[PDB]
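Have a look below at one chain only, the form deposited in one PDB entry, in structure tokens format.
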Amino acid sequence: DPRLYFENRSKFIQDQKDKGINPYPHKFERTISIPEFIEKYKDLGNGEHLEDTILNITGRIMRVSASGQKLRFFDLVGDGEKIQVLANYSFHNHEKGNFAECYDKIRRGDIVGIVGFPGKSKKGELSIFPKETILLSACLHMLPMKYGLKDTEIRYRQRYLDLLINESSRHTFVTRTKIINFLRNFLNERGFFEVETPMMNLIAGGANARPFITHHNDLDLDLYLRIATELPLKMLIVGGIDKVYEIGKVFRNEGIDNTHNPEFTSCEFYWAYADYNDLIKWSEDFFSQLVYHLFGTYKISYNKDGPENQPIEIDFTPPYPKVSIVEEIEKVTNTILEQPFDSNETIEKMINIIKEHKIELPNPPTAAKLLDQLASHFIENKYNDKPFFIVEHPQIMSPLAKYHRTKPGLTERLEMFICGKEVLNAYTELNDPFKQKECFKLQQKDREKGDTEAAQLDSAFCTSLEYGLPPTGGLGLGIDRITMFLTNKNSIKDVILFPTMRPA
């Protein structure tokens, strides 16, 4: 019973203190790490001992067994690697205490420090042969086995148990950090300058989403958490930082599911004198090279339908297909979506397409939401075997994107999808301040109908446009979703160390 277990262990701690022993020593000076130990002594022969080499090593005990009264065996793990501990009565320093009393105390989970020599057992298992083993920090609960952590929510609420017991968990999070490292180096090598912009602002603009609100007490001031980094980054382009980017958290106050956590990690970059076509190329270069950097090939396996179903192969070899959103919806639905797309007639037509196909009506049935819903069900799963771009979005869906230089009513916008999930959003940046105020005014008229995700107008941002924003191309990436596909995860909670959870 776990509860009695914990109580006996706590009593043990107290009783050890009462006898004069410190169960939590301040410092043990380690000589070698467990990965270093494996590298150095892997080449030893079966049964070879180096008894003149005395080492101080630490780690977490993960298995306890005995062979008689003079032999105790353990697994010792550290930094994701494992060695055996072979405690023989014949090598024990009896001046430190009784052998059996010393090792009877150890439990699965204890952190220990060992003074001993390296070698391999007769079977051939690389081992540390202790002369003395010291408790550094007890595990007071029973550690679960892999089956206890398998199909549970414990991994999200006690991530440390997952990291200790599931080898795949460590690897997922190492890949996540490698992906971010690769992206930072990719941009820095191309002259980009990393900055930090405020997470708390008077307005939350740069995307269409409901924000979190907070309050600064001394200023008696309500502030919004940022939903995107787009607006202050473009003001820095005005300021002459012509290649600027930010990798950090944004906050969106909306529904939670397998591809939505309320805080998530984005990268946005802004590139003065680039356009749509440079951004398409950047995306293909970046994703193809990232995948090759991680896997040595451009093709990966992904269990789109979970581990109980067949996986699919995703090929990141460029180029990727491009699909124009309005043209394709018109072809697949056999309708003509007349401009203005936000006219009453086009809105009624899109509603009827949705109702005819038994699709859910967006809670406010705005033209921009109607089109999004249509693309979701008719386009975004056109390709699963390769990423692809949906391109040339209407201006009503894209209030900060520059008008399309040859197609009226559209913009120079691209979104990349992997397995039906949006991972990238980019466009030629709107830089005419007179057209920008018009877009914000139209977004206000859409807010008046009950749209809580209509981005609010930023007076400071519009003012910065009046000092001259050069022609610019900007791009944003969803780091968590990218990591999901590159670690074979179906849930954003599997690639975030501490996902947003209700209290226990």
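Shifts are known only where both forms have a C-alpha. We number the residues from 1 along the sequence you see. Each form is matched to the other, and the largest set of C-alpha atoms that superpose within 1.5 Å is called the rigid core.
A second form of this protein, the form deposited in another entry, is not displayed here; the remarks below concern that form.
Where among 261, 197, 283, 333 does the Cα move by 2 Å or more between this form and the one not shown after the core is superposed?
It is 333; the other listed residues stay below 2 Å.
Does residue 344 count as moved between this form and the one not shown, where moved means a C-alpha shift of 2 angstroms or more after fitting the rigid core?
Shift at residue 344: 2 Å or more after core fit.
Rigid-core superposition between this form and the one not shown, with residue runs of at least 3 whose C-alphas all shift by 2 Å or more:
CA shift runs, sequence order: 331 to 339, 344 to 351.
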